[PDB]
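Protein chains in written order, with PDB author numbering: chain A, 891 to 1006, 1013 to 1047, 1050 to 1063; chain B, 893 to 1006, 1013 to 1064.
Where is the CB? At the ideal position from N, CA and C, for every residue including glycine.
Written below as structure tokens is the structure these notes are about.
What follows is the structure in structure tokens.
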């Protein structure tokens, strides 16, 4: 039913809330962020699964990583054309952090995967810690990239259409 | 474990709003936004310290969305021809502001606690949150019924189109 990993969920959701403020039309980062939010949530379900979700647990962390690569990719392109020195620095900071995290998530998920023994319990904690860092970094990426779309001869554009009530 | 009473109320608020497309309807969009924020909150009550920013932020956005729901419901009521519908609509545009303001207060006091005292802070928050979700559900329905009998000289319009049912 709903025996999901709640700390992966509050973390997945805390991301979702940020991305859901927008439209995905003309914004692949926003779309990849929502996808990441749904995958992390999906991982949240299977993560505690006994057997047969092993393949699933890695498809999940594989797709997440793939989406992270795209978020990183797009954020680099956003930063390249940013005129602002500070914004660009911050943006570049996460396009360094995101790859590290995503790669580690893949490693850690595969672990908790083959484990389906206190060691198993720690494998969970390490995965949760990492997952949380990923969701945070992506949230931070979304905000820096939105601020970078405010501030000449560029042809790249992320559409930031919000639903501010 | 997520506060089940809080999640349940968000779940039902969401069930009601998810029947409508958000295109041409800000109340429906603010309601979906509210259901989801309340869902996240149900995961924040239990959660360990440091997530309080998350809780304080959550309450803040919820209140902001409640204000917008209230503001739009007033405008819907102004042009409602129906005396009864308009009365009911106006009743909630009085209730919601009270609740939303209290939710903000209660969420903050609860965030500082992340002990009977703390446990009571939870119960007060849950009670309040439930009232909010109910009122918004009631607002959605009265506003949908108010879009059936509208004023002829009107320029305001909420689009009420079903999605699952089509």
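{"Check": "Would you say residue 949 of chain A lies against chain B (beta-carbon separation less than 7 Å)?", "Outcome": "no"}
{"Check": "In the DSSP assignment, what are the bridge partners of residue 1058 of chain B?", "Outcome": "According to DSSP, residue 1058 of chain B bridges with nothing at all."}
{"Check": "Using C-beta distances below 7 Å, list every residue in its chain close to residue 1054 of chain A, excluding the 5 sequence neighbours before and after it, in chain order.", "Outcome": "967 and 971"}
{"Check": "Closer than 8 Å by C-beta to residue 961 of chain B: which residues in its own chain qualify, once you throw out the five before and the five after it? Chain order, please.", "Outcome": "919, 922, 923, 926, 988, 1034 and 1037"}
{"Check": "Opposite residue 912 of chain A in the DSSP bridges: which residues?", "Outcome": "A:1060"}
{"Check": "Is it buried or exposed, residue 943 of chain B, if we count other Cβ atoms within 10 angstroms and call 16 or more buried?", "Outcome": "buried"}
{"Check": "Report, in whole angstroms, the separation of the C-beta atoms of residue 930 of chain B and residue 1031 of chain B, which I expect to be a contact under 8 Å.", "Outcome": "6 Å"}
{"Check": "If you draw a straight line from the alpha carbon of residue 1060 of chain A to that of residue 1014 of chain A, how long is it in whole angstroms?", "Outcome": "45 Å"}
{"Check": "Is it right to say residue 1063 of chain B is buried, meaning 16 or more other beta carbons lie within 10 angstroms of its own, or is it exposed?", "Outcome": "exposed"}
{"Check": "Taking only three categories from DSSP, how would you classify residue 950 of chain A?", "Outcome": "helix"}
{"Check": "Can you pull the DSSP bridge partners for residue 972 of chain B?", "Outcome": "B:1048"}
{"Check": "I'd like to confirm something about residue 1005 of chain B: is its beta-carbon nearer than 6 Å to some heavy atom of the ligand FAD, or not?", "Outcome": "As for the ligand FAD, it is missing from this structure, which has no ligand bound."}
{"Check": "Cutting at 6 Å between CB atoms, please list the residues of its own chain near residue 1067 of chain B, excluding the five before and the five after it.", "Outcome": "This structure does not reach residue 1067 of chain B, given that chain B is present from 893 up to 1064, and the question cannot be answered."}
{"Check": "On a CA-only basis, which of A:999, A:1058 and A:897 is nearest residue 939 of chain B? Give me that one, please.", "Outcome": "A:897"}
{"Check": "Would you kindly work out how many angstroms separate the C-alpha atoms of residue 974 of chain B and residue 991 of chain B, rounded to a whole number?", "Outcome": "26 Å"}
{"Check": "Could you tell me how far apart the beta carbons of residue 978 of chain A and residue 969 of chain A are, in whole angstroms, since I believe they sit closer than 8 Å?", "Outcome": "5 Å"}
{"Check": "So which of A:1057, A:894, A:908 and A:1050 has the shortest CA-CA distance to residue 1039 of chain A?", "Outcome": "A:908"}
{"Check": "Is the shortest distance between the beta-carbon of residue 908 of chain B and the beta-carbons of chain A less than 7 Å?", "Outcome": "no"}
{"Check": "Can you pull the chain A residues whose beta carbon is under 7 Å from the beta carbon of residue 920 of chain B, in chain order?", "Outcome": "Within 7 Å Cβ-Cβ: nothing; residue 920 of chain B doesn't reach chain A, min ~11 Å."}
{"Check": "Taking its Cβ as the centre, do 16 or more other Cβ atoms sit within 10 Å of residue 976 of chain A, making it buried, or is it exposed?", "Outcome": "exposed"}
{"Check": "Given a threshold of 16 other Cβ atoms within 10 Å of its Cβ, counted over all protein chains shown, does residue 958 of chain B qualify as buried or as exposed?", "Outcome": "buried"}
{"Check": "Using beta-carbon positions only, say whether residue 902 of chain A and residue 1028 of chain A come within less than 7 Å of one another.", "Outcome": "no"}
{"Check": "Buried or exposed: residue 937 of chain B, going by 16 or more other Cβ atoms within 10 Å of its Cβ?", "Outcome": "buried"}
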